[PDB]
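> One structure is given below, represented as structure tokens, and several questions about it will come after.
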Amino acid sequence: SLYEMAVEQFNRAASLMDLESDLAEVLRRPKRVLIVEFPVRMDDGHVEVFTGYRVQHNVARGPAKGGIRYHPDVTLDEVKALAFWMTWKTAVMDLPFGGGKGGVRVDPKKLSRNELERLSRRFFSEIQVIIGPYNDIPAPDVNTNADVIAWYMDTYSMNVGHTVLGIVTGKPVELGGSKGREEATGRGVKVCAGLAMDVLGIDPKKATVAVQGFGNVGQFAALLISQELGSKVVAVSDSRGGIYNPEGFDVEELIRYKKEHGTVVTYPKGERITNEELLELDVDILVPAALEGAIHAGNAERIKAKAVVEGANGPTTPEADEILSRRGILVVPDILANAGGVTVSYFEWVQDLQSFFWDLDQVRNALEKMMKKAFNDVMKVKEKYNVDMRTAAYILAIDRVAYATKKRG
Amino acid sequence: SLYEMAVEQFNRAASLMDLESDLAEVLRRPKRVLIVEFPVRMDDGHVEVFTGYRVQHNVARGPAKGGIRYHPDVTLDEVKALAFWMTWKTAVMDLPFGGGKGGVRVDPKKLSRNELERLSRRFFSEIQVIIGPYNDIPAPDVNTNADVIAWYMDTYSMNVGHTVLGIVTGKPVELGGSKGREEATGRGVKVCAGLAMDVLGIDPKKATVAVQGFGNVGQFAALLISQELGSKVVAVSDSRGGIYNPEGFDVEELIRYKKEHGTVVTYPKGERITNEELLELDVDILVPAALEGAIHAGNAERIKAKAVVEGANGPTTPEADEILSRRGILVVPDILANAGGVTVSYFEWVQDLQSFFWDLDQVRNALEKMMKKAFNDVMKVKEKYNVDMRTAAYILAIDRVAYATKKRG
Amino acid sequence: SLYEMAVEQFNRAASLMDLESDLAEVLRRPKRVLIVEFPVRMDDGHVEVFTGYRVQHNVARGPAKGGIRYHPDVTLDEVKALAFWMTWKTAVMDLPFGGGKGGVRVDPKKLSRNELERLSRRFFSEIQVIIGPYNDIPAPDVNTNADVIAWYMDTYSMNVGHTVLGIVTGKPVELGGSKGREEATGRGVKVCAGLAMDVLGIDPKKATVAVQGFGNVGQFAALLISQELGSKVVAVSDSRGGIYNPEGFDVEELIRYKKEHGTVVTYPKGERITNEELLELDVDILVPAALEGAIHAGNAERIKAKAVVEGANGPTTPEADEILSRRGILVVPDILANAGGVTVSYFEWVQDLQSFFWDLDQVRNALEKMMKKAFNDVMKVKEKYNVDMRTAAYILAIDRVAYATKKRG
Amino acid sequence: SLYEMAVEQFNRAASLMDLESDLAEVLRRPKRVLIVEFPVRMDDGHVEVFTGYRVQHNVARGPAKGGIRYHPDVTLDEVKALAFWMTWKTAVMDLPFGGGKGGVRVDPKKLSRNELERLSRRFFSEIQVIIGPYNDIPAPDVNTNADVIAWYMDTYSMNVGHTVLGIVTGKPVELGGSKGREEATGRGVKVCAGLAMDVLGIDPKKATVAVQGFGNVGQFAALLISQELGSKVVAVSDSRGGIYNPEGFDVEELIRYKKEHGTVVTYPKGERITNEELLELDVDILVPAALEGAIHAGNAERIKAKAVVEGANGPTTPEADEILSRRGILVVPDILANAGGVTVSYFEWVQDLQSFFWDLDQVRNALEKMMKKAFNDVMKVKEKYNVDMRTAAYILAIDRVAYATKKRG
Amino acid sequence: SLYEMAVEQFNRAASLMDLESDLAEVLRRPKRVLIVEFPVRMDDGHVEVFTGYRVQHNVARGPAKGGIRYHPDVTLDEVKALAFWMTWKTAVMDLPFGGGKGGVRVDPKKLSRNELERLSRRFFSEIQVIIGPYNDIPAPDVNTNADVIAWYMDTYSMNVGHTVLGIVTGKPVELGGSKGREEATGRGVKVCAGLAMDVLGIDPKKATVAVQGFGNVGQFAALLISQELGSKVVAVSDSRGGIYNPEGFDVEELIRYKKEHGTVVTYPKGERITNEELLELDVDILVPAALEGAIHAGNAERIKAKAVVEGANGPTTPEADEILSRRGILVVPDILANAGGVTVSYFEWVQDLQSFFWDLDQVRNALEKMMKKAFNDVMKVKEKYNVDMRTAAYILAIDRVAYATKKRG
């Protein structure tokens with residue numbers, strides 16, 4: 001099971017540290033799981049019932065935090081697993097949040113804008129019993145955006161009897177959102193890619209970088225790394241193929257091109273290469289911001305990158321991990337790498353509490369500041385246990401979450 | 001699955017009546033399902049995590065009502081199914097309640113009174129988010145009693161910040177309980193047994209009755225039938241064997257004996273017979289207040305009883321149903337027959353709401369009055385559809401629950 | 001200390017029964033004590049601070065119940081003791097209430113109607129934090145009436161944001177009050193005096209009665225006993241002197257006279273006698289509805305009354321108790337005797353809860369019904385312990401309050 | 001009485017300023033006093049009742065703020081007096097808080113960690129009725145720490161139904177605490193010591209300092225004074241004796257030693273001297289961070305210190321005050337001097353409200369900034385009335401507290 | 001009607017931009033209108049009923065914000081219109097507030113301080129149902145001040161059961177107020193006057209300014225412009241007449257004089273002129289901070305001012321607008337010009353939320369900062385539509401309020 005697998009990874013780091021048996025058990029199982037079957041009236045007049053989920057794994061460190069998904073293939077198991085991760089993700093970044101997640105078994109593409117909105121309100125009205133700005137703060141995920149989030153916010157406000165705007169994050173800027181929300185993730189990767197260069201002594205100005213994928217993370221990661229770090233992005237890939245260039249692409253131009261044309265492929269001044277090839281490129285840093293298992297057994301042994309900054313989720317398989325560590329290649333854990341998003345969502349929730357909003361620069365600095373600490377904090381634990389950075393990040397999380405529970409009773 | 005099975009039985013009656021497809025769907029799936037993993041400190045100092053469930057199927061007719069179970073073998077499925085039934089059970093009785101159930105996977109026998117109390121409070125503290133005197137009113141079930149229920153009530157009160165005593169039913173008398181709580185179920189069977197007699201034209205004074213089982217239900221049902229109806233209980237059985245006597249036993253003496261001696265067997269002035277034999281006895285009314293499937297294919301064809309008042313749960317299998325209906329034997333549905341319990345629980349919740357308590361006679365009259373109506377109401381439906389009384393009871397319920405949902409939107 | 005003294009009386013009965021040491025300690029100490037110093041603006045413009053008290057002794061059996069006093073000589077000790085009693089008083093009557101009391105050190109006579117109202121609101125606004133219809137329901141006492149009580153009611157309602165009228169009892173009839181409120185106490189004495197006659201086998205029609213005092217209690221007690229019991233009230237006394245007549249006075253005429261003339265003395269057809277004489281009168285029942293210690297050491301040995309129904313508070317001293325018990329004279333405990341008042345106040349709180357009001361007859365029957373049970377219940381305890389009826393009522397109370405606490409945890 | 005004595009000091013300053021009589025009276029008496037008797041289940045199974053207190057003197061300027069004590073010798077009087085002080089302490093610092101205090105009559109040393117926690121939760125559960133993040137914010141005091149405080153916080157959160165973490169201050173850092181909490185008090189004394197020097201024209205670089213006592217206050221006061229002010233700490237004392245050195249100790253080394261060895265005595269390179277001697281030392285600044293009455297009649301006449309910064313509570317007696325003022329020695333009032341603690345507690349409560357936390361530097365600057373103003377503000381008043389700085393601080397407090405009440409009504 | 005007129009102005013801008021018809025309708029009509037008739041006890045004992053209003057036009061962007069008026073001539077129409085404006089005022093400043101207004105038909109001058117306070121509490125206690133720190137935050141207006149505002153704050157807090165101080169703005173500094181509150185408006189005008197000089201290329205050092213009126217706005221506006229901008233205030237006027245001087249008055253001296261003497265008239269070193277003359281003065285900037293319609297048809301054609309900064313409300317009539325625009329004279333809209341007040345009130349509500357207060361400089365910079373943006377934002381819209389700046393400000397407002405509602409659903 002997807003959840004059990006998540007648990008396994010947890011036990012690994014749990015055995016590395018002296019964690020009380022009886023205690024570890026609570027840190028394993030989730031606090032709350034609420035399943036709802038809510039009816040939504042469709043345009044054609046007939047009613048249709050949908051299944052919804054919302055799980056709060058841990059709340060020891062603070063109010064549960066986690067996105068909501070709208071997908072035809074969503075299992076309580078997948079939800080639990082994700083929330084389970086949220087707990088460690090939030091903790092590694094040192095934010096006063098917990099672990100939560102939720103979703104609805106539904107294919108948005110088959111629903112009308114109106115139907116969608118209705119379903120959204122009803123769902124949020126159903127899980128309202130468990131959420132709260134000081135209990136559970138939902139946010140966007142797969143197939144959900146500022147628009148849907150906005151409905152959530154509005155619904156709660158009208159339900160509670162007053163404007164809240166802090167019940168959900170990822171809201172539109174002129175409605176309680178936070179500037180820098182888009183570049184959040186990317187900047188996080190950039191900060192990490194820079195520190196990774198530091199620990200390895202690689203000068204950024206000369207450093208070469210390859211980025212697998214060109215979605216939100218890839219684009220921003222690549223662009224920022226290029227402008228702010230001076231590193232030469234010698235290759236990027238699309239959900240089609242990839243282009244190479246030892247001279248270094250112009251991330252800006254590349255973006256525009258990928259906006260005017262479905263893919264970055266065909267782009268002139270770029271040697272067409274397969275996605276697998278890009279991963280095997282001879283570059284200083286590999287930023288896998290695409291699909292999972294990207295780096296697996298087969299690749300692992302051939303990867304020449306000195307450091308890997310995980311822009312996506314689980315790009316590298318556990319087998320690759322072992323091999324990469326063995327080979328001495330630095331693998332920065334995703335929980336830390338793309339935590340930027342969650343990090344900026346926290347700032348939004350803060351700005352919302354006091355109803356005062358910070359300017360771009362502020363959010364940027366704050367995000368960068370916390371990112372650096374999180375990194376260094378993981379490194380410390382890394383050296384103290386002489387283990388895989390990912391493992392380090394996991395211990396640090398588990399530890400912090402335990403101290404809280406312990407001190408609470 | 002136990003739940004799917006429950007669903008099947010529901011569809012049977014749903015097909016007999018013109019029930020909107022899209023509507024039926026909502027009447028099938030449960031509204032809320034909350035799963036909790038709560039830690040409980042054991043006497044020996046170490047902590048142990050327990051799994052708990054609470055499901056609110058439907059709340060259309062009123063606040064969800066259902067008991068809580070403490071059993072090492074408890075599945076969400078079993079809970080859902082039970083809750084599903086509650087919805088129709090309350091419905092048929094015309095009580096302003098909904099459908100709910102809950103439990104905790106634990107063996108009370110391995111826990112210390114203290115540990116038990118603690119687990120009890122924690123559990124109730126965890127599902128508190130969903131309960132309420134006007135939302136969900138839990139009650140005792142398997143391995144839970146007035147003592148446990150009392151804890152729940154106290155916990156909520158101290159949690160909410162004021163004495164409630166209506167958050168749970170089945171509380172001890174001198175603490176918000178209701179008189180007649182014990183004989184509740186039995187009296188219900190008695191009222192039913194009487195009406196069964198009326199429709200068949202059988203004079204109670206001369207009527208003969210056999211009761212399979214001598215638990216709370218059996219004893220009280222037998223005792224009351226004997227004293228209030230004048231019918232001669234020619235046979236009763238223990239979880240060992242049964243005793244016969246055409247002269248009619250002295251229910252009172254029989255009880256005392258079953259109290260001083262594990263079983264009613266050995267009791268002088270009684271012809272020892274097997275449980276299976278009792279069922280085949282030539283009596284006017286058969287009251288199976290024992291185990292499920294008691295009356296099945298094999299027995300069915302041989303049962304001489306003119307009427308069967310199901311004091312227990314599902315004593316007769318569906319196959320038995322078909323054959324008994326075919327043979328023209330009246331089988332009073334348990335949902336209606338043993339509802340007496342739930343019915344008296346409602347009165348306690350009422351008394352609790354106004355903090356005023358009625359005396360025995362009151363409860364008795366009230367219980368009997370409503371029981372009568374419920375019976376006659378099912379009969380009307382029976383004749384309108386020319387179906388099995390059990391089925392009639394099911395339609396009556398589904399109908400009542402639909403009207404509410406329909407009129408609500 | 002007045003409190004310690006009350007405590008002593010409690011330990012007496014506590015030793016008579018097997019009461020857990022550690023448990024008895026909680027039933028001794030009061031749960032809450034709130035002392036307030038609130039400023040009240042006086043007519044002349046200057047502010048004056050007043051001291052207020054509100055104590056909730058026990059809440060185990062239900063919400064705390066107790067009156068408020070306006071007296072220049074009020075000590076937290078006096079308040080505590082009174083509240084302490086309330087807990088046993090309500091419990092002996094079997095009412096779902098607790099124990100509470102309060103007061104304000106102030107002399108109403110020196111305050112203008114306005115000033116008084118203002119102080120009243122401010123006070124109730126201050127102890128509001130601890131009161132509530134399901135927490136603490138204040139009532140009138142010394143120097144407070146329906147008029148003051150109404151203010152309280154209005155204040156809370158306007159504070160809480162909606163009409164309550166169940167926050168306090170003893171409210172004016174056309175404002176949430178209950179019929180029978182005045183004759184409450186008296187009717188209680190009446191019921192008691194009747195049962196006292198029954199246990200002694202004395203026929204009411206021929207029985208003679210003497211009543212020391214002619215206040216609310218005395219009058220009503222006398223009148224109803226006369227009319228409903230047929231007993232001949234051969235003597236009554238004023239806060240001046242008393243009149244005798246073996247023929248039996250006309251309670252109604254006597255009342256009218258005491259209304260047109262300060263005292264019942266001077267009344268024609270009545271042999272003037274001192275208050276002390278009345279107590280030594282040769283009558284079947286003595287109803288001391290006047291001052292405390294009325295019956296003491298000196299008198300005790302000379303009292304010819306076969307039964308004493310304490311209409312007032314502590315008319316008989318402990319010394320007299322011993323002597324009277326020794327002599328075999330039945331002394332009905334005031335906590336049970338004049339509980340009628342608190343009993344009717346409960347009904348008011350009940351009527352208030354459901355916003356429906358009963359008619360006189362109803363209240364009357366209810367009050368008499370409960371009164372009878374209360375009496376019989378104490379008698380049972382009396383025979384079980386072979387002690388003084390007052391002691392019996394004390395145990396009965398302590399027991400009931402213990403069971404609740406025990407069962408709650 | 002301890003309280004009456006506190007009032008006396010108040011009246012002194014109240015007479016120096018034109019303060020409305022009737023108004024003064026309300027500023028004297030405390031608003032709320034809650035006394036609780038709560039049972040705690042002991043490990044051995046038996047129940048034990050403990051007494052608790054919670055007093056909210058004034059709330060005019062904001063929510064009541066004050067610590068809780070666990071001491072076998074605690075009187076309502078001691079608590080009242082303490083809260084009475086808080087009122088003026090908070091006021092002089094210009095913080096939006098009120099005055100409150102509380103404690104439990106119990107000896108922690110005789111209770112097991114478990115028993116202690118239990119007693120802690122129950123107590124907080126009992127006084128919960130009066131507290132709140134916007135009503136009363138408790139904090140640690142004698143025999144209570146971040147560990148206990150954490151329990152309170154957790155208890156409230158689980159009681160209120162959501163994480164609060166602002167109901168109490170002094171929480172552990174990774175749980176809502178604030179950096180700089182420890183050095184708080186000391187830094188305050190440091191800030192004061194500096195300004196005292198400034199008013200006297202004494203250059204800090206050359207100034208000499210002596211600190212009686214080496215607890216939290218003493219240590220940090222000394223260390224920071226040394227490092228940040230450059231002043232030479234020529235002497236410090238333990239709860240045993242004291243050491244001198246015109247060369248100036250190495251506060252850091254001194255601390256370590258006091259950590260490895262019970263006392264700072266025996267420490268090499270230090271002339272052993274009695275505590276009384278230290279006080280008579282010929283130094284520029286005397287920082288009595290030990291016990292009360294340290295400086296009294298006898299000493300007063302002999303003290304050569306040019307300025308005294310009261311790190312402890314009431315180190316100087318009134319008699320000493322008179323003589324010291326007479327001699328022209330500057331005595332900085334404790335309410336102002338050791339207010340640093342309360343000051344940082346405010347910052348924590350602020351950080352809690354917006355759930356955003358400041359870094360050390362911020363807290364430091366903030367504390368120092370407010371400390372300075374508070375000082376200067378008292379000085380102004382001092383010159384306007386030409387009185388003792390302590391008196392000035394008292395007037396400034398009473399005034400600020402009066403303005404609020406006046407403008408409020 | 002006054003309201004209809006306001007609506008007209010709105011339709012003007014609504015026609016300029018593509019605003020959905022059905023949508024515009026919601027933006028036209030107000031969400032809530034609460035009319036109250038509350039009795040107030042007068043000093044002479046008799047009761048008097050007063051009429052009160054509170055209207056919340058729109059709440060899309062945030063909680064409704066608007067002052068309260070105490071005037072014998074106040075119509076629901078006047079109130080609605082005003083609230084209607086607030087919605088656009090707040091919006092153009094980009095503050096997270098809505099639109100609200102209220103008042104009481106009463107002449108303060110005929111009421112005693114006591115009576116006025118009472119009336120104030122009663123009114124706020126009556127409209128309490130609709131207000132809230134996150135619903136509706138009242139503020140001072142005509143005939144209401146910090147003193148009255150304070151009463152509201154106190155009343156709500158004692159009503160809600162805890163200090164709020166964020167329920168209303170414009171509170172006294174030492175009670176939740178914000179520094180810079182007085183100079184707020186004026187500073188806004190100053191900022192505006194400066195930017196106006198910028199767009200016109202007029203150097204402030206040489207620029208000449210005339211200010212019609214010498215109230216809060218006029219004084220501060222003139223003073224700050226003089227000192228911070230260096231512009232020479234060549235003329236100011238009283239509610240009597242005005243004085244001129246090409247040399248430039250000494251605003252400070254001028255204020256003192258207007259304080260010592262009813263008017264600025266008679267002031268030596270000033271050429272006495274009529275109010276109408278001042279408007280026709282040949283200066284670079286005209287700051288009409290006096291009465292409405294000050295600049296009308298007649299004047300319009302004669303005004304030589306290059307730019308007009310509307311310090312007051314509607315000083316220029318629509319007819320004047322047309323002519324001024326035609327003539328090419330810049331007219332900065334009051335909604336933007338004197339929004340400084342509303343702007344500073346928001347900062348107060350912010351500081352109140354976190355209970356932390358900023359210092360003067362902070363507020364100053366914050367106010368000037370947002371003022372600048374607001375201006376520039378309007379200018380952008382101005383060029384995009386090539387319309388009158390006032391119109392521009394209106395569109396920008398309507399737009400922002402639309403997006404909110406649109407995105408909310």
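Ordering of the structure tokens sets the chain letters (A, B, ...), residue numbers begin anew at 1 in every chain, and ligands are numbered from 1 in the order given.
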Using DSSP secondary structure from the backbone, list all alpha helix (DSSP H) positions within range 105-269 of chain C, as a ChimeraX atom specification.
/C:113-126,146-160,184-199,216-224,251-260
> Distance limit 9 Å, atoms considered: only C-alpha atoms. Which chain D residues sit that close to chain B? Return them as an MDAnalysis selection string.
chainID D and resid 125 129 158:161
> May I have the residues from that selection written out with N, CA, C and O atoms, as a CSV table (one decimal), in the first residue's frame?

chain,number,residue,atom,x,y,z
D,125,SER,N,-7.9,23.4,34.3
D,125,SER,CA,-9.2,23.0,33.8
D,125,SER,C,-10.2,23.7,34.6
D,125,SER,O,-11.3,24.0,34.1
D,129,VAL,N,-12.5,28.7,33.3
D,129,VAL,CA,-13.7,29.6,33.2
D,129,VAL,C,-13.4,31.1,33.2
D,129,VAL,O,-14.1,31.8,32.5
D,158,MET,N,-6.8,21.5,24.0
D,158,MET,CA,-7.7,20.3,23.8
D,158,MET,C,-9.1,20.5,24.4
D,158,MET,O,-10.1,19.9,24.0
D,159,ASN,N,-9.2,21.5,25.4
D,159,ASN,CA,-10.4,21.8,26.0
D,159,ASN,C,-11.2,22.8,25.1
D,159,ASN,O,-12.4,22.6,24.9
D,160,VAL,N,-10.6,23.8,24.5
D,160,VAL,CA,-11.2,24.8,23.7
D,160,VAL,C,-11.6,24.2,22.3
D,160,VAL,O,-12.4,24.7,21.6
D,161,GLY,N,-10.9,23.1,21.9
D,161,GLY,CA,-11.1,22.5,20.6
D,161,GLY,C,-10.2,22.9,19.5
D,161,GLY,O,-10.5,22.7,18.3
> Write down as a short mmCIF file (atom, residue, chain, number, x, y, z; two decimals) with C-alpha atoms, in the first residue's frame the residues of range 82-306 of chain B whose backbone DSSP state falls under strand (DSSP E).

data_model
loop_
_atom_site.label_atom_id
_atom_site.label_comp_id
_atom_site.auth_asym_id
_atom_site.auth_seq_id
_atom_site.Cartn_x
_atom_site.Cartn_y
_atom_site.Cartn_z
CA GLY B 100 -25.26 6.34 13.47
CA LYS B 101 -22.91 3.81 15.05
CA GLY B 102 -19.39 3.59 16.40
CA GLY B 103 -16.89 1.36 18.11
CA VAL B 104 -13.31 0.78 19.15
CA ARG B 105 -11.16 -2.19 18.26
CA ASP B 136 -25.20 12.66 17.26
CA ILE B 137 -26.31 10.89 20.43
CA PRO B 138 -24.28 7.71 21.11
CA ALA B 139 -25.56 4.90 23.35
CA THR B 208 -49.26 -20.94 23.55
CA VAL B 209 -45.79 -19.41 23.20
CA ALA B 210 -42.24 -20.72 22.77
CA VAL B 211 -39.20 -18.50 23.27
CA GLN B 212 -35.76 -19.51 21.94
CA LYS B 232 -48.91 -19.92 28.27
CA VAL B 233 -45.16 -20.03 27.68
CA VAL B 234 -44.88 -23.75 27.07
CA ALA B 235 -41.14 -23.58 26.36
CA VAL B 236 -37.91 -21.59 26.76
CA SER B 237 -34.27 -22.41 25.94
CA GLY B 242 -34.45 -26.02 26.27
CA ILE B 243 -37.31 -27.20 28.49
CA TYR B 244 -40.91 -27.97 27.53
CA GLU B 271 -39.10 -31.91 29.51
CA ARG B 272 -35.54 -31.35 28.28
CA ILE B 273 -35.37 -30.72 24.52
CA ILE B 285 -46.27 -17.94 18.55
CA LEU B 286 -42.52 -18.48 18.19
CA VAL B 287 -40.28 -15.76 19.70
CA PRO B 288 -36.69 -16.43 18.52
#
> Name the residues in contact with residue 203 in chain E at a cut-off of 9 Å, using only C-alpha atoms, excluding same-chain residues fewer than 5 positions from it; report them as JSON, numbers by chain.
{"E": [197, 198, 231]}
> Write the residues of the preceding selection, restricted to N, CA and C atoms, as a JSON list (two decimals), in the first residue's frame.

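After the write, out-v2.json holds the following:
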[["chain", "number", "residue", "atom", "x", "y", "z"],
["E", 197, "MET", "N", 2.19, 68.20, -8.13],
["E", 197, "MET", "CA", 3.25, 69.10, -8.57],
["E", 197, "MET", "C", 4.15, 68.34, -9.53],
["E", 198, "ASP", "N", 4.36, 67.07, -9.22],
["E", 198, "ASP", "CA", 5.21, 66.26, -10.06],
["E", 198, "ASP", "C", 4.65, 66.07, -11.46],
["E", 231, "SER", "N", 6.63, 74.48, -0.24],
["E", 231, "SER", "CA", 5.73, 75.35, -0.99],
["E", 231, "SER", "C", 5.26, 76.48, -0.09]]
> Give me the residues near residue 134 in chain E as a short mmCIF file (atom, residue, chain, number, x, y, z; two decimals) with N, CA, C and O atoms, in the first residue's frame, where near means some atom within 10 Å (using only C-alpha atoms) and where sequence neighbours in that chain fewer than 3 positions away do not count.

data_model
loop_
_atom_site.label_atom_id
_atom_site.label_comp_id
_atom_site.auth_asym_id
_atom_site.auth_seq_id
_atom_site.Cartn_x
_atom_site.Cartn_y
_atom_site.Cartn_z
N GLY A 161 -20.02 33.21 9.45
CA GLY A 161 -20.67 34.46 9.78
C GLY A 161 -19.77 35.68 9.74
O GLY A 161 -20.10 36.72 10.33
N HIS A 162 -18.63 35.57 9.05
CA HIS A 162 -17.70 36.69 8.92
C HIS A 162 -16.49 36.31 8.07
O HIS A 162 -16.06 35.16 8.05
N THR A 163 -15.95 37.30 7.36
CA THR A 163 -14.79 37.09 6.49
C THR A 163 -13.61 36.50 7.27
O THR A 163 -13.22 37.00 8.32
N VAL A 164 -13.07 35.41 6.73
CA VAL A 164 -11.96 34.68 7.33
C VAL A 164 -10.68 34.82 6.49
O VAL A 164 -9.67 35.33 6.97
N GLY E 62 -13.74 42.96 2.16
CA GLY E 62 -13.38 42.81 3.56
C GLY E 62 -14.49 43.26 4.48
O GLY E 62 -15.61 43.50 4.03
N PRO E 63 -14.21 43.40 5.78
CA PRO E 63 -15.24 43.83 6.74
C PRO E 63 -15.65 45.27 6.50
O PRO E 63 -14.81 46.11 6.17
N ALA E 64 -16.94 45.54 6.66
CA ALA E 64 -17.49 46.87 6.45
C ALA E 64 -16.84 47.90 7.36
O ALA E 64 -16.74 47.67 8.56
N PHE E 97 -11.06 46.49 3.46
CA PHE E 97 -12.29 46.87 4.14
C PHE E 97 -13.49 46.92 3.19
O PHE E 97 -13.35 46.78 1.98
N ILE E 131 -22.35 44.23 13.99
CA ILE E 131 -20.94 44.59 14.01
C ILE E 131 -20.01 43.47 14.46
O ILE E 131 -20.45 42.38 14.83
N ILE E 137 -16.45 47.48 11.51
CA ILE E 137 -15.66 48.28 12.45
C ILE E 137 -16.02 49.76 12.40
O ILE E 137 -15.46 50.51 11.60
N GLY E 166 -10.75 46.45 18.99
CA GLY E 166 -10.55 46.45 17.56
C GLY E 166 -11.91 46.55 16.89
O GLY E 166 -12.03 46.44 15.66
N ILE E 167 -12.93 46.76 17.71
CA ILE E 167 -14.31 46.87 17.24
C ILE E 167 -14.57 48.24 16.63
O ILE E 167 -15.51 48.42 15.85
#
> Can you pull out the residues contacting residue 16 in chain B? Cut-off 9 Å, using only C-alpha atoms, and skip same-chain residues under 3 positions away; I want them as a ChimeraX atom specification.
/B:11-13,19,385,395
> For the residues in that selection, give me C-alpha atoms as a PDB file, in the first residue's frame.

ATOM      1  CA  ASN B  11     -32.495  -2.168  -3.022  1.00  0.00           C
ATOM      2  CA  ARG B  12     -35.039  -4.999  -2.829  1.00  0.00           C
ATOM      3  CA  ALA B  13     -37.599  -2.659  -1.241  1.00  0.00           C
ATOM      4  CA  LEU B  19     -37.920   5.697  -5.762  1.00  0.00           C
ATOM      5  CA  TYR B 385     -47.999  -3.799  -1.569  1.00  0.00           C
ATOM      6  CA  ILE B 395     -40.483   0.328   2.485  1.00  0.00           C
TER       7      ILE B 395
END
> What is the distance, in Å and to one decimal place, between CA of residue 202 in chain B and CA of residue 189 in chain B?
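Interatomic distance here is 16.6 Å.
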